[PDB]
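For reference, the structure is listed below as structure tokens.
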Amino acid sequence: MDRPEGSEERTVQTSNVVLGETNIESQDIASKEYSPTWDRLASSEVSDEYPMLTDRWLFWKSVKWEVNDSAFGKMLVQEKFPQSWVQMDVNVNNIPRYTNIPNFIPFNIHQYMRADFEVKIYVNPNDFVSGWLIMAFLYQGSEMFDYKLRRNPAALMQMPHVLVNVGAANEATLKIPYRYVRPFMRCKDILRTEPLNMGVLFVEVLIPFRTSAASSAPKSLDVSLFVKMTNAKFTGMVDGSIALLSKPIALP
Amino acid sequence: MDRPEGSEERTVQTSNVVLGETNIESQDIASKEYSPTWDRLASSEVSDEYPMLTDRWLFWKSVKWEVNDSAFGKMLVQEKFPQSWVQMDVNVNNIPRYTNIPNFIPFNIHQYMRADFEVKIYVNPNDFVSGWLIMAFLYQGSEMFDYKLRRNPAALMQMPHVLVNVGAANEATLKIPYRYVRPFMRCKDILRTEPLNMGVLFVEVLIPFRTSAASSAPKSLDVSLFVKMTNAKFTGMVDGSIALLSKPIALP
Amino acid sequence: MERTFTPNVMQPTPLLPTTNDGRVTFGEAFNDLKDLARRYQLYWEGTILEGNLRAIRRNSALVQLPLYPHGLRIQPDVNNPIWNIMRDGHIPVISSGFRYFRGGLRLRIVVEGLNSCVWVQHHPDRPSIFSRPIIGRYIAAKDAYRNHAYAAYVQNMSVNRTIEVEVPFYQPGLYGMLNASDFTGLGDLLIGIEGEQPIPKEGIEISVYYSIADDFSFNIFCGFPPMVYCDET
Amino acid sequence: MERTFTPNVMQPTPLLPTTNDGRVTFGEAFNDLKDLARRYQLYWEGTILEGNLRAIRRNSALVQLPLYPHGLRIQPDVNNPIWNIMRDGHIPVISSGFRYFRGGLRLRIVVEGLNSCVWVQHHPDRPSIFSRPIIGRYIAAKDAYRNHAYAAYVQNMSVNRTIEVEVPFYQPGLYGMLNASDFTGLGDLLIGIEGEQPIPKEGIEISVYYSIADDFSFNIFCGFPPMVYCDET
Amino acid sequence: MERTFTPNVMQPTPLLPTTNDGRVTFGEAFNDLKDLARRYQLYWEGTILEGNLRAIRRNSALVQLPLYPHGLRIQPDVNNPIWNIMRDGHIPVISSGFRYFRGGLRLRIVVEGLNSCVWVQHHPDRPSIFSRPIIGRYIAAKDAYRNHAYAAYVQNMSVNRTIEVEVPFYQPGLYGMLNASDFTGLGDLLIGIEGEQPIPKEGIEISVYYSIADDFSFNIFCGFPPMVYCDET
């Protein structure tokens, strides 16, 4: 801090959201970015795009991690993705609903979709705590015959990931191009596969979080996650109530 | 720290050694640098140069200094130089030997040498300790009729020196062009003068080292010294065992 | 990119001069895993007895073998000590590092014992329920005999003992899934006799070997799983 | 040069007119030992019985034979009187004069008895402990069955009885050493059955013949060792 | 450079206008210590009595005085109160700041009493054991009389009382060492009578003054030692 206000912050505006970032990010891309071409072969109806709705960034979770519980490779986030982000809004019975959130409003009226994602993670420690986090993404990880051996952070160091150093307190951005076994994903439970299950997003604890022995120091720290879609195309307009959502299955 | 790794470190590579340095140095030259010309008048044999061996940097000592013992002008290092650096490798009887260290391997088989030196000093404190060191060099200081009045740091502030601020934690580089009473120095005890005694290198404690009263704070700090030769020329090839080394004399 | 990112590199020496991936000292260049994955390796090796076949057992299946570019699930019993001390091959190990594929396999089916006209047939979409093969009487009602109009092949074990065929990639989707868990894979491969040659009182010893086709490709590189050293057996 | 040095030559007559190394009177020119060394000669000839094989003895090694461009060490017993009265071949004799080599061998493995699918496989770096082959049950734990991804070959002894393969030169070093004493040589060559055809109650008679490849070369000519005349047997 | 380094200079006013080192107001420029060091100063002052000379004491040394561009070591006795209250001269003080030198001295030897032919002689290499002069009978066997072929000078104290000579720099090495401790220096200077004029019953009062030659130079500036104020005596 040398100015009256601390310093010059940097701004990342998309649609009507604006995200301040004071540090140099840490970026990676889960595979090569491309322009979809065979997706026109799958559906005769025009694919609808909602750039004002879906391009917008969205706050997803806040996960709390404490000094007393940081192993090596303790999972803060282990989620089917985008399934967990899109179905984040639950009613009293924990049944998701695509109606409230304006990014997810088109998932309500369509059957199939396709889009690229960008997950961005934020940690705001003070200067005197030191740790380290890894956030990696595994394409259709849940369907893999050994999915539960790949959760060690030694395995995540290989799949596309970002690192968040808590001593430096940087941002991190993980771009995820759409890749899947079929040119679209289902938005609801139809034709009886889970909806919108493209992979698994992990957040592990690469180096455990450490603070000073002083009593008033923070023993905890927050992690926040923002997500946004990019080339989102929806197809197959139906009624909102023609299909149902059931409460999601969790990973082991 | 604003990046995932802390920041950009700077690298100083010579031969097969590479030394990282994160800060702005503090430099000085003990006298005017020149190209030796009358040295060809002293020896009819070709002077051998070993740039791959001698140009390489070399770790010399680590000296420890504590809070409880920092006067004004307490000497951490008081050494006949290059004598102490070249004879640093002793056997069980404290008799030096030029055979192990690859920089010093040509001192073993030659009688006379000539070369310029560069001494570089490293102190790695945390942020909250403050002190100050002075490292100066006196050409053939030990032979001076009042050598023991010139050890006060008030005298060292005049001869060529560098300063290491412990609050800033900088590097320091002292270049020493070869200057002597004769165009070469002896490498061993021959023709019965001590070998390779070109001066005296001091490290004093200009401002005493101070820390906080807290119990777990470091009460000590390390100082490391690296040295390298530059225009090293050796002459007068003999057997390695034709002359002997005896354990060195220390300064008062 | 965080996977290959190298900050503050301190390198003492120059880099080593290249042999063009071995082409300087040997004659060939080993620059690619896709070429190593086209050297054949064992796929499934079994025996089949009379009496664990069909009742009528004229032209019938002997095996329905599921085509996976990773291996079948291995179990290391004492009969074939290969699967025990050698673990998997180079192909299941290469394959475990990638997520998808698109392309076909080549097979070499060596069915002898028996020495009569044997046949092979590919069911490009009848997948994919299990990680073992299914022998004889246990294959289901409609995979029992030959079918009409599925791509098939026939060979007299008198003329030649080795059937080498190449299975195409016929799927609706974009990719096939490597490392599936258990229409994702290459479907089923049925092997069977053509009309009730009497079976030797011990065994019809079938063994399938496989490789990658030419148009085959591994597609999204994520990690490798944890391995196990073979020399610890 | 002292080896070819000729001081004070006194020659009574002219030199003899040339036939171009025999090409005038025969049709071919015998100007080189490397061409004589490419005519095949016997390498190792043995028999293998059931009961000095493995316990389970499905697809297993029958021999691990060490590839040397000089011969294997010979012992002249009464079973094969070849090695007795013929001594070594022309290849071990040519080879004993040179110090190094660089290049591969060609083999011809004639494995019959048995008449089932037999297999061969080259382990380019697992050398080189001994001058004899190792039969059956005595080959070590990890050379017992086939391996994955080593260059291998397979053949039905029903279709054809002779396997002819060419072994490459895969080594880290500059040369391989001729006349080794006992990674110097060409590694090991494993020969084995593919799945437990019942063995005839006497013998599987294997015999290996070998030659030099095209890129092979003998390299530093020192002397020859002392020889023994064959007509004294 | 750390010696002259000036970080964050805050200067309230301009710099002062120059007088060209005094040449504006006086007539001369005092810009250099080498010019101050060429004004003569006292070097050694002593007395010599008969009876602390030689036995035979014809042409002999009276003093062998060691030539140092710093001074001789001073001792401040009550006989010459110069060395007591004035301390050293300007030359020993200038010299204590530099490490080496290369060049000669100028001397002025005023030897009177005696009034006979006196002589001086320079031994460029017979150095350098001590910081005092040596009087008369205590000079060693081979420095006693004049020598042959050393550069020497002779003068009648009847014609003139002052011998002014300039000593050359003859050394093997690169430098001579200022501030030596105790072939480093300028050698020895011998002063002596030429043949036994009877000595006055008190004293031959010799005094040597010295300066720097023209080619002389101070060479490596390290610090000054700690000083002592003269007004505290």
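For reference, chains read A, B, C, D and E in written order, and residue numbers begin at 1 within each chain.
As a working rule, contacts are C-beta pairs under 8 Å (C-beta built on N, C-alpha and C of every residue); 3 or more make two chains touch, one makes a residue touch a chain.
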Note the shortest touch-path length, in steps, from chain A to chain D. 2
From the centre of chain A, which other chain's Cα mean sits the farthest off? E
Find the chain most remote from chain C, comparing centres computed as mean CA coordinates. E
Most centrally placed chain, judged by C-alpha centres: B
For chain A and chain E, what's the span in angstrom between their mean Cα positions? 89
Just the number, please: Cα centre separation of chain B and chain E in whole Å. 36
Would you kindly tell me how far, in whole Å, the mean C-alpha position of chain B lies from that of chain A? 56
Taking the mean of the C-alpha atoms as each chain's centre, how many Å separate chain B from chain C? 67
Two or more other chains are touched by the chain A residues 26, 163
Report the complete set of touching chain pairs. A-B, A-C, B-C, B-E, C-D
Taking the complex as given, what residues does chain B use to touch chain A? 1-6
Sites on chain E touched by chain B in the complex: 1-3, 99-100, 131, 172-177, 179-182, 184, 220, 222-226
Chain C-touching residues of chain B, taken from the complex the two chains share: 3-5, 8-9, 11, 13, 16-18, 20
List of chain A residues in touch with chain C within their complex: 26-29, 31, 38, 138-140, 143-147, 149-150, 152, 155-163, 179-183
Give the list of chain C residues in touch with chain B in this complex. 7-8, 10-13
